[PDB]
Amino acid sequence: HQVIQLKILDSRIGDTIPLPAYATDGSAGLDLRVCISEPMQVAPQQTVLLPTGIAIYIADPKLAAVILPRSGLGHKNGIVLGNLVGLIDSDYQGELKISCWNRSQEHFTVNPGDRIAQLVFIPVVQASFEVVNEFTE
Amino acid sequence: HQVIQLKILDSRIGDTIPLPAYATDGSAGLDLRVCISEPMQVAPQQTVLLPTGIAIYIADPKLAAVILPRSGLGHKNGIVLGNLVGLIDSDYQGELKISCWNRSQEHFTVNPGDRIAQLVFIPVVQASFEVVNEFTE
Amino acid sequence: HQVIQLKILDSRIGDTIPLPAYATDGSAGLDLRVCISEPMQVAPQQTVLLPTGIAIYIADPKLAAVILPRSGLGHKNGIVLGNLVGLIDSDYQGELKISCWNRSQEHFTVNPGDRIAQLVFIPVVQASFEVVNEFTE
Ligand SMILES: O=c1ccn([C@H]2C[C@H](O)[C@@H](COP(=O)(O)O)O2)c(=O)[nH]1
Ligand SMILES: O=c1ccn([C@H]2C[C@H](O)[C@@H](COP(=O)(O)O)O2)c(=O)[nH]1
Ligand SMILES: O=c1ccn([C@H]2C[C@H](O)[C@@H](COP(=O)(O)O)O2)c(=O)[nH]1
């Protein structure tokens, strides 16, 4: 495993709302929960910015994280991400936030502590370009 | 290359509908075909769950796969994924299924065996958190 | 870092429109700018194909790139990608193009040289399948 520093921004986290964790040893992602104080309605076509109450610091520039929709919420309820895929840079230290977009025609309720997205840590490569007139092998 | 076990769930696979394969030596993804018995209409804004007739077992927890829209179908026909990006965990052993979402204003027909998404195998990192009061280097 | 060959297809690139570059040492992605000659309107629900004026050649089959929405444009303006996520194969040598999709209810103007998406280089794994009757460890 790789160590990622995490700062708790809302005292509910770790008390009434658990920290993100892998469901199983073979899980690729961690479910991300929202830290709101009362249930929130997301109308058809509405986008709402939902806080997580946590900040992470990946630090290692060979690593990033992406925020993805949950499969069931996205397929069954059309509850996905307004930016489609959220990209977390290694030097980002602010709160993780979810752009929650209801792409369906049905109203949806988000309760405090609900899992609304998933977080996946991926290696990334920092490219340097070489400008050429023609491509070569 | 890396070996991924594949179980055929529908006898058409490998007979009338080919197994997923890289188009070229330099392809990042494999086209994923649907295993339906008759053509299916996907109306504007409709989401339909489409089977592939295959199950995979990635097994290695340092590896995952993602299901992505095809570029031409998504750009030209608005045929994309209802969950936007499908994440396949290393310990998932069920059938691969596509959440096919028509985001366009035109009706679309999916024929048996059509390529509707693409599958990409990516390394992933399992993070362990360290809860801190302030971030450090 | 890893060297990626880049061919300039429009003489504005590197003169009036900068080459893609990482904003910070810890950035995971590079902002991708559009190479159009006059401002372009993107109406609600409209998809437009926007050129970048550059081609890249990743070459290494263990590497790919993805094109993702920008977070603010996607969350605030609903300016995302019609194919949701663009996948760039290592053997692709054509112009990078953005499927720009306005998922919002507000008209949006794209100016020449605007950053409209981001590009991320990721390692990928080329799988070989082993067809089995039952999965094993
Ligand atoms: O869904 C998202 C996308 C981004 N970010 C964070 C992590 C990014 O590194 C940072 C800056 O976003 P940019 O506008 O620079 O992409 O915002 C989120 O909290 N959620
Ligand atoms: O588009 C998708 C997304 C997920 N899955 C499979 C692989 C996942 O590991 C499994 C469980 O999904 P979750 O609800 O746990 O994300 O479903 C698919 O078949 N297709
Ligand atoms: O948003 C996108 C998606 C793809 N491509 C390029 C890179 C791919 O390797 C190539 C071929 O696309 P396919 O139809 O084979 O996926 O098009 C783009 O320019 N932009």
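Only this structure's heavy atoms are used, side chains among them; waters, hydrogens and symmetry mates stay out. Lettering follows sequence order; numbering is per chain, from 1.
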Looking at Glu106(C), I want to see if its CD is surrounded by more than 12 non-hydrogen atoms of other residues, nucleotides or ligands under 6.0 Å. no
Give, for atom [atom1] of [X] and atom [atom2] of [Y], the distance between the pair rounded to the nearest 0.5 Å.
X: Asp91(C); Y: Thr24(B); atom1: CG; atom2: OG1; value: 3.5 Å
X: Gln118(B); Y: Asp89(C); atom1: CD; atom2: CG; value: 7.5 Å
X: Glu137(C); Y: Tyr57(B); atom1: CD; atom2: OH; value: 3.5 Å
X: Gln126(C); Y: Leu30(B); atom1: CD; atom2: CG; value: 8.5 Å
X: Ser27(B); Y: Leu87(C); atom1: OG; atom2: CG; value: 9.0 Å
X: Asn83(C); Y: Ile79(B); atom1: CG; atom2: CD1; value: 13.0 Å

What residue in [options] has the most heavy-atom pairs under 4.5 Å with chain C?
options: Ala59(B), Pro20(B), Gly78(B); result: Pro20(B)
options: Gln2(B), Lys7(B), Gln5(B); result: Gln5(B)
options: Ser71(B), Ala65(B), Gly72(B), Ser104(B); result: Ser71(B)
options: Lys76(B), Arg103(B), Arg70(B); result: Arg103(B)
options: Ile122(B), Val3(B), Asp25(B); result: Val3(B)

If you look at every heavy atom in [X] and [Y], which pair is closest and at what distance?
X: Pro123(B); Y: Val125(C); value: CD-CG2, 4.3 Å
X: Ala64(C); Y: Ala28(B); value: CB-CB, 3.7 Å
X: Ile56(B); Y: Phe135(C); value: C-CZ, 3.7 Å

Heavy-atom contact with chain B under 4.5 Å, split by part of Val48(C): backbone
Where does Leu63(C) contact chain B at under 4.5 Å (heavy atoms): side chain, backbone, both or neither? neither
Of all of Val124(C), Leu49(C), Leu84(C), which one pairs up most often with chain B through heavy atoms under 4.5 Å apart? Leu84(C)
Between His1(B) and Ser128(C), is there a side-chain donor-acceptor contact under 3.5 Å, judged purely by atom types and distance? no
Would you call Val66(C) and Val120(B) a side-chain contact if the rule is heavy atoms closer than 4.5 Å? no
Contacting moiety of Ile58(B), where chain C heavy atoms sit under 4.5 Å: neither
Side chain / backbone / both / neither for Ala21(B) at chain C, heavy atoms under 4.5 Å: neither
